[PDB]
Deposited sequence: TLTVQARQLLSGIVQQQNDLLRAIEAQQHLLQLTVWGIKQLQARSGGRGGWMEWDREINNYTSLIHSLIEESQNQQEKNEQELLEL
């Protein structure tokens, strides 16, 4: 079970890796949106998807916390 627990712990760890990666890429995307904005329908779609992504990120964080608590029990 110890080796069983270790793989699962590596998988849950990798999900946190991936989520942090996604979060960092969101910061970058918002930076480019800002650059493009410094230089309509586009504004509407930017907002709708930006809203969606932050919502998806929070839910991922919540699920990450649950998975790690479940793994620990």
Problem set entry | Deposited sequence positions missing from the model - stretches, numbered from 1, in order | 1-2, 42-51, 86
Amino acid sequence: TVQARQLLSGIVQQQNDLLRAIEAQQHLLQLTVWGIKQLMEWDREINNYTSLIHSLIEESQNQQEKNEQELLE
From here on, numbers count along this sequence of modelled residues.
Problem set entry | Of 14-22 and 48-56, the one with larger mean CA B-factor | 48-56
